[PDB]
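The chain that follows stands alone, in the form deposited without its partner chain, written as structure tokens.
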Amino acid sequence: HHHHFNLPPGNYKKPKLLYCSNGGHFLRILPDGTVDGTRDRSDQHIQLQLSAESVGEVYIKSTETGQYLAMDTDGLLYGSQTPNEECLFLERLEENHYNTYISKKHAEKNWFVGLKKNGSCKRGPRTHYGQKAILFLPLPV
């Protein structure tokens, strides 16, 4: 293990919105595979279904498009049509409150899913423990 094992409360029964504290954006997976953030609660591409692989491991999938959130070799988030090793994330509790998502593939590097204040996604290597960009709150849709 490269990381702690404090898990967030909750389950995967229903889809969620992943709200980023940093700029107040919801994680969005565009039909074209693009990943970013939007403040529009009405957006049809912010509804995500999480599911667990192993305990503490998840897939994050677009309910609208079926695409899986994934982080590439260069730390860029993208929408994948099929589930692959780049699609697994370590879902953890952070600051005793939020949810963080660490790239399983790149766990040793501490690459997280994160959103900038301007709503653009952070590149893996630019993320790190202690940032606001990596903090998410799962909200019901």
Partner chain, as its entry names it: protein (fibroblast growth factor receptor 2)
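Positions refer to the first chain, counted from 1. Residues that one form lacks are left out of the comparison. We call the rigid core whatever largest set of C-alpha positions still superposes within 1.5 Å between the two forms.
Of 53 to 61 and 70 to 78, the stretch whose C-alpha atoms average the higher B-factor in the entry: The recorded data point to 53 to 61.
Determine, for stretches 14 to 22 and 118 to 126, which one has the higher mean CA B-factor as deposited. For C-alpha atoms only, the mean B-factor is higher in 14 to 22.
Identity of residue with top Cα B-factor, from 103, 100, 84, 44: Comparing C-alpha B-factors across 103, 100, 84, 44, the top value belongs to 44.
Based on the entry's values, in what third of the chain does the Cα temperature factor of residue 4 lie: lowest, middle or highest? It belongs to the lowest third of the chain when residues are ordered by C-alpha B-factor.
Pull the Cα B-factor of residue 35 out of the PDB entry and bin it into the chain's lowest, middle or highest third. According to the entry, residue 35 has a C-alpha B-factor in the chain's middle third.
Of the three thirds of its chain by CA temperature factor, lowest, middle or highest, which one includes residue 90? Ranked within chain, residue 90 CA B lands in the lowest tercile.
B-factor third for the C-alpha atom of residue 113 within its chain: Ranked within chain, residue 113 CA B lands in the lowest tercile.
Please place residue 134 in the lowest, middle or highest third of its chain according to the CA B-factor in the PDB entry. CA B-factor rank for residue 134: lowest third.
Omitted here: the form deposited with its partner chain bound. The next part is about that form.
Is residue 52 part of the interface with its partner chain in the bound PDB entry - any heavy atom within 4.5 Å? Because a heavy atom of residue 52 falls inside 4.5 Å of its partner chain in the bound PDB entry, the answer is yes.
Interface membership of residue 78, its partner chain in the bound PDB entry, 4.5 Å heavy atom rule: Contact with its partner chain, no.
Does residue 73 make contact with its partner chain in the bound PDB entry, using a 4.5 Å heavy atom cut-off? Judged by the heavy-atom cut-off of 4.5 Å, residue 73 is well away from its partner chain in the bound PDB entry.
Would residue 104 show up as a contact with its partner chain in the bound PDB entry if we use heavy atoms at 4.5 Å? Result no; residue 104 lies far from its partner chain in the bound PDB entry.
At 4.5 Å, heavy atom to heavy atom, what parts of 96 to 128 sit next to its partner chain in the bound PDB entry? List them in sequence order, or say none. The stretch 96 to 128, when checked against its partner chain in the bound PDB entry, contributes 96, 97, 98, 99, 117, 128 at the 4.5 Å heavy-atom cut-off.
Pull up the moving segments between the shown form and the other one: at least three consecutive residues, every CA shifted by 2 Å or more, rigid core held fixed. Three-plus residue runs displaced between the shown form and the other one: 10 to 12, 94 to 96.
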